[PDB]
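Spelled out from the first residue to the last, the chains are:
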Amino acid sequence: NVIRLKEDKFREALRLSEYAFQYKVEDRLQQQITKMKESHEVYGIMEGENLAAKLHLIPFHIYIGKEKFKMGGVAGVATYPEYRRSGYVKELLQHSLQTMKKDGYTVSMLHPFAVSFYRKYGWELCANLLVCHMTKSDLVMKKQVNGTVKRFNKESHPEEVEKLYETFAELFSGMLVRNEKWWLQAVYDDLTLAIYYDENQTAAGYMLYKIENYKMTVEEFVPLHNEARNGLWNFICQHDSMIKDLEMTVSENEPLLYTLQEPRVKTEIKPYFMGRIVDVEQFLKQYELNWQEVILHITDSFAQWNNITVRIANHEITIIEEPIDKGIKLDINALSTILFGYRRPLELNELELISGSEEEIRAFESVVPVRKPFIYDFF
Amino acid sequence: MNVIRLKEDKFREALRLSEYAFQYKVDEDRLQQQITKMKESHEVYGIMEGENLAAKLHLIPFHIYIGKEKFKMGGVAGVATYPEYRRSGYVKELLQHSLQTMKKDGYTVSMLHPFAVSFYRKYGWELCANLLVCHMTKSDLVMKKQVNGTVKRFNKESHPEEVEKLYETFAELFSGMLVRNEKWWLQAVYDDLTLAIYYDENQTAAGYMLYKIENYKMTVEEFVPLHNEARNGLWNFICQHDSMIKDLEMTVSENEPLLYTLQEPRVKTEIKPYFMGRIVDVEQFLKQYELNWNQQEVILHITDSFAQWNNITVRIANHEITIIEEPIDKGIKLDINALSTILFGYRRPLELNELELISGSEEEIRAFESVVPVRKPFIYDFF
Amino acid sequence: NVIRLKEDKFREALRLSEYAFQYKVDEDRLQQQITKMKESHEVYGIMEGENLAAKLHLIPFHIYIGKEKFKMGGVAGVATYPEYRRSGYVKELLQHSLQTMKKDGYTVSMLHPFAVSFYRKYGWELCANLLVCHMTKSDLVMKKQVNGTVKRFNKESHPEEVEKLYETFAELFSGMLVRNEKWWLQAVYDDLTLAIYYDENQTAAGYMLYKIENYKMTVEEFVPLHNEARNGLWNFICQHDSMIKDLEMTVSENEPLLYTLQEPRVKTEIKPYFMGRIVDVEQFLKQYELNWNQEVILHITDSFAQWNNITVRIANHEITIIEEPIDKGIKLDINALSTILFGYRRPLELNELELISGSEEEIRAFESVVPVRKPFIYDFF
Ligand code: NA
Ligand code: NA
Ligand code: NA
């Protein structure tokens, strides 16, 4: 059934992409082709002579703290409506899971067209974006800062912005590992980069932004300390004559709004991305917790191999082959969201999506690290 | 030297100032109702410019829940001045006065809704609670599995005494929730809204909600389930209005998990800073305040520029909260704003360190963060 | 289960009307609802415990199907409080309303649906459209002048002659309400103004009901008996040209007025409006005149009104009921019979739509006998 698409069928694949996501790309068409050859694994199902459905699996890595996890990005999932009754996407999604397990992808992330559809197959919401809007009046400067701000574009890409990013990302779970090639091909789009440097010319924070029709849209705001935060804010304030509206995309852990003269500004939390644990035993081999014991009875209706019972005790992870009626029963969706830090054991317990004794939940709540998830990227 | 406690004959004049300052006209019937309110449950302070009331402030005696513990709370409300008088900063005088009164009377904490955050920040208040407002459409109203209980409806004239305990058990989960007697429910909460209680299999109350429906839109102003069954219970009740509504709007705490359970959880969801709180007397406040003992000593050097009795150094060690007389350079330096918002649970010692509004060693602050309870602030009332 | 509500519960019923339909009735105007319900409504309900859970009003009516007046049961104000929706009490009430209508001799039933799909399940079908069109100032172009005159009237000046005008119009259609003087005053007038066109001889020829507010004339009924009246009424609308920026008119699908404009391409929508149901087929057919200008046998299904699961013999200018089984003939349900007999959807259409089965012979014959009268209702309840 499921075949790995070769170079010939790529135009056909993109014709389905163009149809499902209602856009028309002609010269930029060869970029897509290339991106696919160079960094995607494109999977399809044929009906007769025609490509009926596709899925892309992009090899990635993510940060869960300092630890890098091989992560399989699911993207461009699509089917022509006439073949929807066949349910080809299900077959493809199952196949990608098997491929991932086989290649050593412990974890998967995707951007849902609908959440309920991927929820069905084990993916779960795992990260938000905070979008906040301010106006001209909000642009009050903080105390003068000693360092300097400098501006760059795709062409002037400074290698040092990559370190800044890494330092930031390691504070979270689910941030994408950005190589130079990623930065240039995916991050800049139509944006302008600005880096704040401290008193002795050390890079300390960065932002990605654009200005059009009197609106500054700030896509990434990354300060490593308050000085950097202050330095960058002041830089923004220096645009006050040009801008009527400011829009910023940040993490929930970003405390900038609090410092404003009038902190009651428009601020929306949008669930953004979904994640999934692919190979549990292999995932927990890498995952560091916080240190009576914890037994997890994990269920997974789409990936057979995650139907396991796990023992988290004494700085160790072990698989209980023939378990007993004791410990926490949970879903792969629940496990995935919990281990990303998106929902807490207690929360999903209140919601009745995981089960256990009062004591047992308290123990679980205690081992999962408190680190919050975030992803600044798109695919 | 300027502030007087307004007597009954001036209450009417105060309301002409209220109406001017908050751009509304009281209905003639309500006027006497607003006077009674003020006579009974408000202490109204003003400053005169000759013959006329120039500025005013209401101190409302309240109590709040911080966990299971009830703190005497000074509700600051109706702070107003006429524009022709605004140059003289009468409001600053009134507010400084209310603080002196609150200390005299044994209030430990104070809360207000600000016309401007910046203004009250200067005199010691900080933000302490947010509201989360969310908007759904008809297509979001998908039933959850059926529960074996039932929902009943109520109005002001049918006020059921179980709602009071439903509220209380919810409030006790948070910091800053208002303590509500019958009078308060009847006079301040129902407004134009409808009450609906969920009852379990045994006809036992398990959760409530307050809402109204106008022009195809349900505004749910309070949603309070005690457990998941009552959450589904009330949710399915909302859903049973599917034919009636295009739009739905709920005001909840950032702790309400309902959103996560929706078919398409990416709905419009906005966190607005709502309310401000201030510790009035630290020493008295901390005597009532349960901390989280589980790993080194924590000293706090507290600065309060407008209440000098809070300019103290605090020792948090053993199980005691002691006070240190000797001037010592060791420990955390923070101000009363910082301390208030921390103890409300609104911002963490860690967050305020990163922002450099408090200061100490990594270790000192790690242990500060450790002792302050994980409880979340919330307030559902308005005054 | 179902009780006929007494005077004493009418206040409680209105609280359910205020809830389900989202409105607050006035202090004084509350009593006029109570009165109306006493006087001309049969208000039915089910109780859960001590509380009213669900309600249905049956309003005794009569309608025009051509010149023939049929007794009509108007279903109005159907509602349930949401915490009882699981109990399906509205179903119980609709079933009960059907039995009553049967026993009392109502042959047909009409209602305005909050949701069509709901009433279809129980046998009601769409049976009438409204046509709404909007014009602007530049559309109010005078026609040639006519010899007749127009007079304005209100609730208190109610002229008897409008009643005959309405009747003459009503008789051309199927589904129009029979309007007594009382209905006119208490339901038709509202806040509207009656204008009447009189001809050369000072004989009433047509009427309109309209209101003008914030530069919009809304015409809710436009009823010219002949073209002189059409023109006369239209000229009267045009004299308001310095007063209006927008003109809204509700008319029957068959009102040709728009064809006559300078620019007939104005905003114009057909809206499905009302629903009807044949309550008792056997008794309805005894009054229903057909077209005999060849054998027509109908197997009728009605999953909600049991007494309607019959096969009708219609032929030899006659009406009989075949107790004997035979598969030959037209199979249709009550929604299909109902919509066909009002003249809303032809047999030919419903065949193409696979909603009725049979041979070409029988269908073309069926299409032949059902008269070509178009349905319409200018009223609301
Ligand atoms: Na981005
Ligand atoms: Na409220
Ligand atoms: Na009408």
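Residues numbered from 1 in each chain as written, not as in the entry; some residues may be left out. Chains lettered and ligands numbered in written order. Part of a larger assembly, values for the part shown. Heavy atoms only, no water. Residues with missing side-chain atoms left out of burial classes, pairs and counts.

- Its PDB header names X-ray crystallography as the technique used to obtain the model and reports a resolution of 2.75 Å.

- By the naming in the PDB entry, chain B goes by Acetyltransferase, GNAT family and is assigned to Bacillus anthracis.

- The PDB entry annotates chain A as Acetyltransferase, GNAT family of Bacillus anthracis.

## Things to note about the side chain of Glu43(B)
- Topologically, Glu43(B) is positioned in strand β2 (residues 43-49).
- Excluding residues within four positions of it along the chain, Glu43(B) makes contact with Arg5(B), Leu57(B), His58(B), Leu59(B), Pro61(B), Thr101(B), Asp105(B) and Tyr107(B). (Helix = DSSP H or I, 4+ residues; strand = E, 2+ residues; numbered from the N terminus. Contact = heavy atoms within 4.5 Å.)

## A short note on the domain arrangement of chain A
All names here are of chain A.
- Partitioning chain A into domains gives domain 1 (1-125 + 273-278), domain 2 (126-272 + 370-379) and domain 3 (279-369).
- On a C-alpha basis, the centres of domain 2 and domain 3 stand 35 Å from each other.
- Opposite the 10 residues of domain 2 that make contact, domain 3 presents 7 residues.
- Each partner contributes to the roughly 710 Å² buried at the junction of domain 2 and domain 3, and carbon and sulfur atoms together form 58% of this total. (Domains from an automatic or database assignment. Buried area = accessible area lost by both parts, 1.4 Å probe.)

## Regarding the domain arrangement of chain B
Residue and element names in this part refer to chain B.
- Domain annotation for chain B reports domain 1 (2-127 + 275-280), domain 2 (128-274 + 374-383) and domain 3 (281-373).
- Just the C-alpha atoms count here: the centres of domain 1 and domain 3 sit 29 Å apart.
- The partner domain 3 presents 21 residues to the 25 residues of domain 1 that form the contact.
- On inspection of domain 1 and its partner domain 3, the count reaches 2 salt bridges.
- Among the salt bridges present, the one from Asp281 reaches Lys103, with a minimum N-O distance of 3.2 Å.
- For the pair domain 1 and domain 3, the number of links is 11 residue pairs in polar contact.
- The set of elements that each furnish at least two residues to the side of domain 1 that touches domain 3 consists of β3 (52-66), β4 (69-81), α3 (90-105), β5 (109-112), β6 (126-137) and β13 (268-279).
- For the side of domain 1 that touches domain 3, the leading source of residues is α3, giving 5 residues. (Salt bridge = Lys/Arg side-chain N within 4 Å of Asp/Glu carboxyl O. Polar contact = N/O pair within 3.5 Å; in protein donor to acceptor, adjacent residues only side chain to side chain.)

## Focus on the pattern of salt bridges
- For the structure shown, the criterion picks out 60 salt bridges over all chains.
- Ionic pairing is found between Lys163(A) and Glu166(A), a salt bridge with its closest N-O pair at 2.5 Å. Separated by 3 residues within a single helix, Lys163(A) and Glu166(A) lie in helix α5 (residues 160-169), roughly one turn from each other.
- Across the pair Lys266(A) and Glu268(A) runs a salt bridge whose closest N-O atoms are separated by 4.0 Å.
- Assessed through its relative accessible area of 15%, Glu268(A) is described here as buried.
- Overlapping salt bridges, with partners in common, bring together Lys266(A), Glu268(A), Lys268(B) and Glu270(B) in one network. (Buried < 20%, exposed > 50% of the residue type's maximum accessible area, 1.4 Å probe, protein only.)

## A short note on the arrangement of the chains
- Counting contacts across all 2 pairs of chains that touch, the top-ranked interface belongs to chains A and B.
- Of all C-alpha pairs spanning chain A and chain C, none lies closer than 23 Å, and the two are not in contact.

## Thoughts on the interface of chain B and chain A
- Each side of the interface is counted separately: chain B has 35 residues, and chain A has 35 residues.
- Interface area, chain B with chain A, both sides summed: about 3000 Å², of which 52% is carbon and sulfur.
- If you sort the residues of chain B by the area they bury against chain A, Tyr260(B), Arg266(B) and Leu355(B) come out on top, with a joint share of 27%.
- Of the charged contacts in the structure, one is a salt bridge between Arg229(A) and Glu354(B), with a shortest N-O distance of 3.4 Å.

## Some remarks on the packing of aromatic side chains
- Across all of its chains, the model carries 64 aromatic pairs over all chains by this definition.
- Aromatic pair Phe118(C) and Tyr119(C): ring centres 5.0 Å apart, planes at 85°, arrangement edge-to-face.
- On the basis of relative accessibility, which here comes to 24%, the residue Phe118(C) falls in the partly exposed class.
- Residue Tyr119(C) is classed as buried on the basis of its relative accessible area, which comes to 4%.
- Clustering of aromatic rings is evident, with ring pairs tying together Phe115(B), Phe119(B), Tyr120(B), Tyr123(B), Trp125(B) and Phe306(B).
- Between the NZ or CZ atom of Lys244(A) and the centre of the ring of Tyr214(A), over which it lies, the distance is 5.7 Å.
- Here the basic side chain of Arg180(B) rests over the ring of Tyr167(B), its NZ or CZ set 4.1 Å away from the ring centre. (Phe/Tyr/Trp six-rings, centres within 6.5 Å; stacked < 30°, edge-to-face > 60°. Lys NZ or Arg CZ within 6 Å of the ring centre and 35° of its normal.)

## What to know about the environment of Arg344(A)
All names here are of chain A.
- Here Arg344 shows up in the loop between α9 (332-340) and α10 (345-350).
- We classify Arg344 as buried; its relative accessible area is 14%.
- A distance of 3.0 Å separates the side chain of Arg344 from the backbone oxygen of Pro369, its partner in a polar contact.

## Some points on the sheet that holds strand β17 (residues 330-333) of chain C
All names here are of chain C.
- Reading across the sheet, the 4 strands line up as β16-β15-β14-β17 and stay open at both edges, with mixed pairing between neighbours. Sheet topology places β16 (318-321) and β17 at the edges, where each strand pairs with a single neighbour. Ignoring which end each strand starts from, the neighbouring axes of this sheet average 25° apart.
- Inspection of the sheet shows strand β14 (residues 296-301) paired to strand β15 (residues 311-315) by 4 bridges, in the antiparallel sense. In the strand pairing of β15, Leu298 is matched with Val312.
- In the packing of helix α9 (residues 334-342) onto the sheet, contacts are made with β14 and β17, and the angle to β17 comes to roughly 95°. (Pairing = 2+ DSSP bridges. Axes fitted to C-alpha atoms, helices over the stretch in contact; angles between N-to-C directions.)

## Regarding the interface of chain C and chain B
- Between chain C and chain B, the residue contacts involve 10 residues of the former and 17 residues of the latter.
- In terms of surface lost to chain B, no three residues of chain C exceed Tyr19(C), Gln22(C) and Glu83(C), which account for 49% of the buried area on that side.
- Remark: the boundary between chain C and chain B carries 2 salt bridges.
- Residue composition of the side of chain C that touches chain B, by class: 5 nonpolar, 2 polar and 3 charged. (Nonpolar A, V, L, I, M, F, W, Y, C, P; charged D, E, K, R; others polar.)

## Some details on the state of the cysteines
- For the structure on display, the rule yields 0 disulfides over all chains.
- Just so you know, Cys132(A) is unpaired, no disulfide at all, and the nearest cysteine sulfur is the one on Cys237(A), 14 Å from it.
- For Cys133(C), which is in no disulfide, the shortest distance to another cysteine sulfur is to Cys238(C) and amounts to 14 Å.
- Residue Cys133(C) is classed as buried on the basis of its relative accessible area, which comes to 1%. (Disulfide = S-S within 2.5 Å.)

## A closer look at the pairing of β2(B)
Residue and element names in this part refer to chain B.
- Among the 7 residues in β2, 5 count as buried, and that is most of the element.
- By the bridge criterion, 3 bridges tie strand β1 (residues 3-5) to β2 in an arrangement that is antiparallel. If you follow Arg5 over to β2, its bridge partner there is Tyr45.
- Of the pairings in the sheet, the one linking β2 to β3 comprises 7 bridges and is antiparallel in character. By the bridge assignment for β3, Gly46 is matched with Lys56.

## Side note on unusual backbone geometry
- Phi is positive for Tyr214(A), which is not a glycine, with a value near 65°.
- Locating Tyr214(A) in the fold gives a position in the loop between β10 (203-212) and β11 (215-223).
- Its identity as a non-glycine residue notwithstanding, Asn316(C) has a phi of 50°, on the positive side.
- Looking at the element boundaries, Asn316(C) is found in the loop between β15 and β16.
- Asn316(C) sits in the exposed class, given a relative accessible area of 79%.

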